[PDB]
Amino acid sequence: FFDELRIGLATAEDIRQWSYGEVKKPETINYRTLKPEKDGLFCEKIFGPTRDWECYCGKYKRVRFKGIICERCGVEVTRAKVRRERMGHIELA
Amino acid sequence: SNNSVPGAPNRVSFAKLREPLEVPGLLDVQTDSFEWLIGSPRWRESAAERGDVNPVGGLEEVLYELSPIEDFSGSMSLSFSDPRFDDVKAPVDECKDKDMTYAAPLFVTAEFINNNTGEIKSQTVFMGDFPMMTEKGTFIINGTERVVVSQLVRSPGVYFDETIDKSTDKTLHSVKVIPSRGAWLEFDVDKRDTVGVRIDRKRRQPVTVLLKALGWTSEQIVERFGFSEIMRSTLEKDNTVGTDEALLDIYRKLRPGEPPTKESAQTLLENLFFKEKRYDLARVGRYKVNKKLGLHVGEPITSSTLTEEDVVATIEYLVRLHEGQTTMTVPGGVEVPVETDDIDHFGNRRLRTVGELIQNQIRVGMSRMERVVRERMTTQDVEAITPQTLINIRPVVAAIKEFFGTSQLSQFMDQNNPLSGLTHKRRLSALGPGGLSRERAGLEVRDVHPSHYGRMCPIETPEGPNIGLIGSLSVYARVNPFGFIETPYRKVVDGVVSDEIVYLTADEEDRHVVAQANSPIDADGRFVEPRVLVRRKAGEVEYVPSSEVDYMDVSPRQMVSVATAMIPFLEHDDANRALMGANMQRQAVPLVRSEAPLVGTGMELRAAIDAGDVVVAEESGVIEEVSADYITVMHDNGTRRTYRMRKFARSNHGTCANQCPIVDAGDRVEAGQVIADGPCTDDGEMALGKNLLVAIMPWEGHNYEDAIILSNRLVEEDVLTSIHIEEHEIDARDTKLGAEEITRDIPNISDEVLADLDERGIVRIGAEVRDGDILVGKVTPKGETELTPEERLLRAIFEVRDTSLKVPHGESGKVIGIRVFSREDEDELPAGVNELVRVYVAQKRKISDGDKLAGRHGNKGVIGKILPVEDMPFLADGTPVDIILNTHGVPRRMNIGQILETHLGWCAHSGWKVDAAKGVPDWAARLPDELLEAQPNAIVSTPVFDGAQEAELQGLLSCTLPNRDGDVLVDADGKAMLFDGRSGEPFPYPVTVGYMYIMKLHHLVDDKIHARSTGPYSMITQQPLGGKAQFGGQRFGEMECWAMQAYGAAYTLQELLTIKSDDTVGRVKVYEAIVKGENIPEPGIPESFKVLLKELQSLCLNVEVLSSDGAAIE
Amino acid sequence: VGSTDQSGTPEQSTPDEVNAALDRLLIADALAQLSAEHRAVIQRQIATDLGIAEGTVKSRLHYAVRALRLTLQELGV
Amino acid sequence: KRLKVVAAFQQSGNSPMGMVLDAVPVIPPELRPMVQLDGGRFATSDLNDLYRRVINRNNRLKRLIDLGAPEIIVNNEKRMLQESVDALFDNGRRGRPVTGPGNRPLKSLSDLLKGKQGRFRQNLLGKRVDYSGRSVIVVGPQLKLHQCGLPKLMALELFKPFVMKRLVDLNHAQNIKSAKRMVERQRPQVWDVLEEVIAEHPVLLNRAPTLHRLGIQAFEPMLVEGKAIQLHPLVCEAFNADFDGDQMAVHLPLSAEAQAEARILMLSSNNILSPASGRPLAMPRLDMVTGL
Amino acid sequence: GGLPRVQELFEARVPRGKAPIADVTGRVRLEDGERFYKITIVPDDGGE
Amino acid sequence: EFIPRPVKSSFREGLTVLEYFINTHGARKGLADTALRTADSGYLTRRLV
Amino acid sequence: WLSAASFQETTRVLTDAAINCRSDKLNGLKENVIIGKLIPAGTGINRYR
RNA sequence: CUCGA
DNA sequence: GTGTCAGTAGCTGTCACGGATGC
DNA sequence: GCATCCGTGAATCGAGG
């Protein structure tokens, strides 16, 4: 139960507040390792981990690390569902 | 006698008119086209006898247009000639098996001419694997039989149009000069009485800009077009004047952003319309233009390009047409009428067949190679260059692959039954590249045109969204080398019909008057009646004196398609039901055993034979040894040829293609005779269905509006049983954690389900398999980090997961064949694949409740009840009927055919004997002597628009043979007395009883049933999948939602759009609550709406959900 | 090569959670047949919070899992 | 008309500066997914190509700004960035669309919402639903108006979880997990159990096109042999359904409220009259009127 | 008429017939010719 | 406009070659414009809804 | 604005909405159907709900 | 693409 | 690292209608 | 001030390749 649905113009500040990081590199993935390139359109630091509780560098692959920001790859450890709701952004020059 | 040419069964025809020409090869459309493409000896002989001078094969044409190839200086040259073919790489069936493409290597002869050294090196160059056409007119791409459909495209030439303004209500006129290739040019007269020209879609320039660019003085322009005020006003309202001014004005509108040089524009304005490089009217285009303007009418077709003379005469034509003129003579040309063109008329609507469609793709590939050659020439040294170093055949093979694999015209062959394939090969499509888009096809392109007579069929056309866009070629129609569809006509000299047959195009036909086929003719040739029906230019039908007829039709059935001509008493069916009948004949399912129809039309024989799914003897001889596997023929000269039968082969559409020998050991057989027929064939005639005993009466509502009631006899004796073969396929690839292995050892699977598997995990041949059973046991290794916490616990409290090939829901049959390809065993598989298994399952489908039957008159229905043989209303002698058709769905549809068909049907089953004593009765005076006596189960023909007249049928019903007991069961009205098998009492009134040909259409409940509790969900939208094959759910569309809202079923609507669809947590809790017996929980939010929100955000729209207090909630 | 929104590519399809859900529905039915301590231990090195030994962990885990296997196979798993 | 625009920005308190973007958002990856093909090659959403082209031009703008390129290049590059963001949001809106391979216009974000294939009409106003089936329809004269006959296999799949529940209850199966395997292997027990499950549980029949609300009606389901749906001859008129290959869809109301709505509001016996005119529909129509 | 007429009515378009109407009740002024048609009304009460 | 030449024959007598051909004009355009009519009708319907 | 965006001219409606900063009072059949709330009609109205 | 109501 | 000419395919064979866009 | 030209819209579900 929620009453109204509001819509309006998105301020640059709103766009940045949504994004979990900037998409600097234009790369997509690696065509051999199937891993998403860092700071690319699929960066796991930004949008999320490919698999559940699995970070990019492979240091944290277990469920025990719930909410740890890996220090060697910068990926958070939650369910891959977040790759369906985390926004990115490009900062325009 | 009917069809007395091959050695076929004597089917007797009610024909009153004689056939002066027998049907041509129904497959010539594809055959002649391809033979012209590759310049086979047969085609060159056909063109040599046709009077052609310097005929050119398609490949020869491409190589001559390309040759020679020079750089900008002209110091180097390369030329191609003489294309030839080595033997085919692999046989057809082997290609189908191994998923490769049927082709032959194409060799040419290329030579490099060096001008700075005066020496030439000429060698043979392999150009590529050239796809080859089967003998049945099909291609084979990656193991699938495809057909390349003939395309209806607008012919090249000059066309004039008279449009009507919406606002000023004045008549405007336009012109289009459409070339076979190059830039377009269209002139027009706007509503300000000024003439303009648009060059390659670009801005509308004044029509005098073009004349100024060409070096014509303004005074000479006023000299030519002075008789029109509109052209004077154009030259006055002109902006810039000067030969070098309008030239640059064109240059900066055609190629903007470039410095305008006088010569850089002088070069392209001559190249885009007068140099054969980037502009070319095919010989046909040049001829069409030469007629429309009336110039060069004597010159041989050698100029493949547009000329300034043409443009001047064209603008003259236009300007004269605008101001009401009706006649024009070009300076130095013949007089010509001034009119607009139809672009729907089959003299302006061209048909390009396989050959041409392929030549265009080859041309693209060749130009792409030509550019690479010109670059590679100025790179390598000028003494070690060979044709082998210059030629890069990559774009050519890529071009032919891109065509066959991806094209609206390369269509997956319709292979339900031989007639479907034949029609598919004789299709005329308007859609495709160069033609038009479906969104760009008005009610006018689709409706019948008076020029389709004898060329395209006005009946056979889909009734879906493609109606009118897809026709079938008329029976006697052929294609000329220019692309137009010619039809034959008999020349009438002096009111005398001649056996001289000449083929005419559309515009050629309009220049004469032709008589309808069924005109009364003298035994010498003179017309009986002075007035005769006649077709006249612009599709005008009227009577005309006998001394006016120039030609007449060849056969009555000249206008119809192959399928259409297979409808008995077609002349009594309405075009709608006739269309449905001709379209449903192509949906007939090949039955286990095939019976030819009692009532035919004559077309069945040649349809079957030309379809190519039968086996005809190439040369005469005797049968040395005949087996169910093969048939060997010992010719008279001494050679032997062995024809192998195709046994239980899977058609493209799961129907069973199975050929059986007809002849026996030591039988004399002539050349061209059918020695073995295939699906839907009987002694060489199309047997699309069965002859069923029909009673036309209502029966306890089980046949209520268009439903059908059948006798279980048809189940017991496999009368409507048909075979269907499904292909199942699985592979074993390399995975990230290892490699999938196909193994009988499957985790947590009993030895009882694995009982039917061999050591490999493959099912064994002959095993019956229900839906869900294992066919190929494949396990794939799953990683530990991919396990559910409950899954990991269940693993701890007790690494490969099951990926076996199971039988899909609704499938079941005997496993008849297996095919295994292993990368270990030489078998070339796609990279990353180690094994591949294909399992073939055959099901023997009896006729079921809900299966769809149909006749030849668009009379269709589904099986609503199959009664026991004793329940059926039975005839006087105890023989129960087979099928009960409701009466109410008969006189509404206007398909009187079946009625007639029914009556004659009975006549053919019992036979007849006309009273010969005291002379020939007055009704049968027109019948051939062969029809006055007939034995039971006799074969007959009702040729379309000829054949049995109602009077003769009445008589035949009067003289029907009695049964074995000496009793006549049907009355002269055609009705008989029936007994209710359920109560015994006879039915109060006489009922129409007869025999009708019914076909089993390919719409069976065994395929069309489906149901889903749960299953896959699309990842993005989280809504259930679609389609039975993906185990999907049905779509609750917008209209159905309106229905819900209408009823006010709020909770049902919510439940449909939430827990039953994309409520990620709600659907799970519903499943849990059902298995628990608890109540259904409260629906959550649809994930699809979350997706909507995220998308609206991706478009910089800040959408927020507010609570009743005003705080945004997440 | 291809594009997802190009008419000619499959759809990322996710399975129907039937099994996983039934499995967890059973696992939850053999949890009422436990003692609150075995429960609190299984629903989690844990020896640091619950304030017990690590041998007590190992054991409680051991016997608890065996009670679970007993219950399950009692149901016919 | 100008005031209609300006007063909006005036009152609502949002700045017109919003119409010019300094940063563009990137849609989550799962909504621009990248799938793998059975040949080892890859297929990707068009949004990825568009975002990628925009990123390329933006990084090139950064390079040009740092390298002090001539003003002409910097400006002619900014223009391309503008065109590329335009394409990302509504490709083809201005001028010629961005052609993909095959001269095919690429789908934009705003292309995800328009028309029949858009999110609104395709995935919101009408979804695809679990617990549903479809098959050919056949006339069943012996049926009562409130009855309809569905094939055994159809109902077994539709009521699958209900059948599993009852099977594990009557101890035909050890656990629910094994009841599922029983239903999937079609063991003969279910057919005697299924009758208990479908008892008086109404189902909804729909025939497209669903023109008016009587295009969907409720029925008591009757297990029939065969694989076709048996429909009552009087409701044909409502569904405008002949029997020459017509197919109908079946939906299973789940919640108690859904069952009540179907039983009361949508039952065929409670909908004899035409809501448009008030004249009856489920009346003798063809053969029936002839016999009478 | 026809279905396009239903659309004309439901979309409140300026119809094809574009028939005029009496803006004020009064006496008709048939002034028919052949070049054109002009009709006036004299208001039954006051008016112009 | 109606053709100045009728279809004299009935379906019980048997249409001539040209009679069937001239019937197909109308039959085919009937099917075509019926498709178009259904389209426009459905669109008007959703508007009214 | 949700009921209008789902009808016609989706882009032309959403632009106007974002400009006017419109709020949708989720109280309409089309809208509740979109978001999955009970429709305020038939069995969904407050009297019977 | 082809097809069914 | 790059250096003599070195230059789309395709296409118009939809239409009614309203209103901002533009001369 | 008005004609041009831009953008909007154009039935529902279903099968197989």
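Calculation rules
- Residues numbered from 1 in each chain as written, not as in the entry; some residues may be left out.
- Chains lettered and ligands numbered in written order.
- Part of a larger assembly, values for the part shown.
- Heavy atoms only, no water.
- Residues with missing side-chain atoms left out of burial classes, pairs and counts.
- UniProt positions renumbered as here; feature names shortened; annotations may be inferred.
- Patch = residues over 30% accessible without salt bridge, like charges linked within 9 Å, V, L, I, M, F, W, Y side chains within 5 Å.
- Areas by Shrake-Rupley, 256 points an atom, 1.4 Å probe, with all protein chains shown as cover.
- Salt bridge = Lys/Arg side-chain N within 4 Å of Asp/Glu carboxyl O.
- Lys, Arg positive; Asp, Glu negative; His and termini not counted.
- Charge placed at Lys NZ, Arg CZ, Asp CG, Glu CD.
- Helix = DSSP H or I, 4+ residues; strand = E, 2+ residues; numbered from the N terminus.
- Axes fitted to C-alpha atoms, helices over the stretch in contact; angles between N-to-C directions.
- Parallel < 35°, antiparallel > 145°, perpendicular 65-115°, else oblique.
- Contact = heavy atoms within 4.5 Å.
- Nonpolar A, V, L, I, M, F, W, Y, C, P; charged D, E, K, R; others polar.
- Buried area = accessible area lost by both parts, 1.4 Å probe.
- Polar contact = N/O pair within 3.5 Å; in protein donor to acceptor, adjacent residues only side chain to side chain.
- 1 Å grid on protein atoms, 1.4 Å probe; cavity = no way out; pocket = protein on both sides within 12 Å on 5 of 7 lines; lining within 4 Å.
- Points joined across faces, edges and corners; volume = space filled by probe spheres on them.
- Buried < 20%, exposed > 50% of the residue type's maximum accessible area, 1.4 Å probe, protein only.
- Pairing = 2+ DSSP bridges.
- Near = heavy atom within 4 Å.

- As annotated in the PDB entry, chain B carries the name DNA-directed RNA polymerase subunit beta and is attributed to Mycobacterium tuberculosis.
- The deposited PDB record carries the title "Crystal structure of MTB sigma L transcription initiation complex with 5 nt long RNA primer".
- Note on chain B: under the UniProt heading Function, the record states "DNA-dependent RNA polymerase catalyzes the transcription of DNA into RNA using the four ribonucleoside triphosphates as substrates."
- Its UniProt record, at the heading Catalytic activity, says of chain B: "RNA(n) + a ribonucleoside 5'-triphosphate = RNA(n+1) + diphosphate".

- Looking up chain A in the PDB entry gives the name DNA-directed RNA polymerase subunit beta', with the organism given as Mycobacterium tuberculosis.

## Quick look at a positive patch on the surface
Okay, so step 1: On the surface, a cluster of positive charge is contributed by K24, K25, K38 and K45 of chain A.
Okay, so step 2: As for its position among the elements, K24 of chain A is in the loop between α1 (12-18) and β2 (88-91).

## Some points on the packing of helix α1 (residues 18-29) of chain C against helix α7 (residues 176-185) of chain D
Okay, so step 1: Where α1 of chain C meets α7 of chain D, the closest approach of the two axes is 9 Å, and the angle between their N-to-C directions is 150 degrees. Comparing the axis directions of α1 of chain C and α7 of chain D gives the class roughly antiparallel. Along the contact surface, α1 of chain C presents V18, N19, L22, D23 and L26 of chain C, while α7 of chain D presents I176, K177 and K180 of chain D.
Okay, so step 2: Residues belonging to the contact of α1 of chain C with α7 of chain D are distributed by class as follows: four nonpolar, one polar and three charged.

## Looking at the interface of chain A and chain G
Okay, so step 1: Contacts between the two partners involve eight residues from chain A, matched on the other side by eleven residues from chain G.
Okay, so step 2: Taken over both partners, the interface formed by chain A and chain G buries close to 940 Å², and the fraction arising from carbon and sulfur atoms is 67%.
Okay, so step 3: Three residues, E4, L5 and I7 of chain A, lead the burial of chain A against chain G; their summed loss comes to 58% of the area buried on that side.
Okay, so step 4: Joining chain A to chain G, the criterion identifies zero salt bridges.
Okay, so step 5: Linking chain A with chain G are four residue pairs in polar contact.
Okay, so step 6: Of the residues belonging to the side of chain A that touches chain G, the class tally is four nonpolar, one polar and three charged.

## Some points on empty space enclosed by the protein
All names here are of chain B.
Okay, so step 1: Estimated volume of the largest cavity: approximately 210 Å³.
Okay, so step 2: In terms of lining residues, the largest cavity is bounded by 19 residues, among which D706, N859, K860, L885 and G889 are the most central.
Okay, so step 3: Of all the elements in the fold, those that place two or more residues in the lining of the largest cavity are β51 (852-854) and β53 (883-885).
Okay, so step 4: Volume-wise, the second largest cavity comes out at about 150 Å³.

## Some points on the pairing of strand β10 (residues 171-178) of chain B
Residues and elements named next belong to chain B.
Okay, so step 1: When you tally the buried positions in β10, you get six out of eight residues, the bulk of the element.
Okay, so step 2: Note that strand β9 (residues 157-164) and β10 share eight bridges and pair antiparallel. Note on β10: the bridge partner recorded for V158 is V177.
Okay, so step 3: Linking β9 to β10, which pair antiparallel, is a turn of six residues; within it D169 sits at a positive phi near 50 degrees.
Okay, so step 4: Here β10 runs beside strand β11 (residues 185-189); their pairing, made up of four bridges, is antiparallel. Bridge pairing links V175 to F187 in β11.
Okay, so step 5: As consecutive antiparallel partners, β10 and β11 are separated by six residues, and within that stretch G182 has a phi angle of approximately 125 degrees, a positive value.

## A closer look at the interface of chain D and chain B
Okay, so step 1: Every contact between the two is made by 84 residues of chain D and, on the other side, 87 residues of chain B.
Okay, so step 2: Regarding the contact of chain D and chain B, the summed buried area is about 7800 Å², with carbon and sulfur atoms giving 59% of it.
Okay, so step 3: Our count for the chain D to chain B interface comes out at seven salt bridges.
Okay, so step 4: Taking the shortest distance from any N to any O, the salt bridge between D38 of chain D and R733 of chain B comes out at 3.6 Å.
Okay, so step 5: For the side of chain D that touches chain B, the element with the most residues is strand β4 (residues 132-139) of chain D, which contributes eight residues.
Okay, so step 6: Taken together, the residues of the side of chain D that touches chain B break down into 46 nonpolar, 18 polar and 20 charged.
Okay, so step 7: Strand direction decides the pairing type here: strand β59 (residues 1010-1012) of chain B and β4 of chain D, joined by three bridges, are antiparallel. If you follow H1010 of chain B over to β4 of chain D, its bridge partner there is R134 of chain D.

## Re the protein's contact with DNA strand I
All names here are of chain B.
Okay, so step 1: Lining the immediate environment of DNA strand I, one finds 24 residues, of which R154, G182, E258, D344 and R440 sit closest.
Okay, so step 2: The contact atoms of DNA strand I, taken as those within 4 Å of the protein, divide so that sugar and phosphate hold 45%.
Okay, so step 3: Residue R349 places a side-chain N or O atom 3.0 Å away from a base oxygen belonging to DNA strand I.
Okay, so step 4: Along the lines of polarity and charge, the residues of the surface near DNA strand I split into six nonpolar, two polar and 16 charged.

## What about the protein's contact with RNA strand H?
Okay, so step 1: Near RNA strand H lie 13 residues; those nearest to it are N466 and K860 of chain B together with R207, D242 and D246 of chain D.
Okay, so step 2: Protein-adjacent atoms of RNA strand H, using a 4 Å cutoff, are sugar or phosphate at a proportion of 100%.
Okay, so step 3: One of the side-chain N or O atoms of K860 of chain B is found 2.5 Å from a phosphate oxygen in RNA strand H.
Okay, so step 4: A distance of 2.7 Å separates a sugar or linking oxygen of RNA strand H from a polar side-chain atom of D242 of chain D.
Okay, so step 5: Broken down by class, the residue content of the surface near RNA strand H amounts to two nonpolar, four polar and seven charged.

## Remarks on the pairing of strand β7 (residues 216-224) of chain D
All names here are of chain D.
Okay, so step 1: Most of β7 sits inside the fold, with seven of its nine residues counted as buried.
Okay, so step 2: Sheet topology places strand β6 (residues 203-206) next to β7; four bridges connect them, and they run antiparallel. Bridge assignment links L205 to a residue of β7, and that residue is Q217.

## Examining the sheet that holds strand β42 (residues 738-739) of chain B
Residue and element names in this part refer to chain B.
Okay, so step 1: One open sheet holds the five strands; their spatial order is β42-β41-β50-β49-β44, and the pairing between them is antiparallel. One side of each edge strand has no neighbouring strand; the edge strands of this open sheet are β42 and β44 (768-769).
Okay, so step 2: The sheet contact formed by β44 and strand β49 (residues 813-822) spans two bridges and is antiparallel. Within β49, the position partnered with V769 by the bridge is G813.

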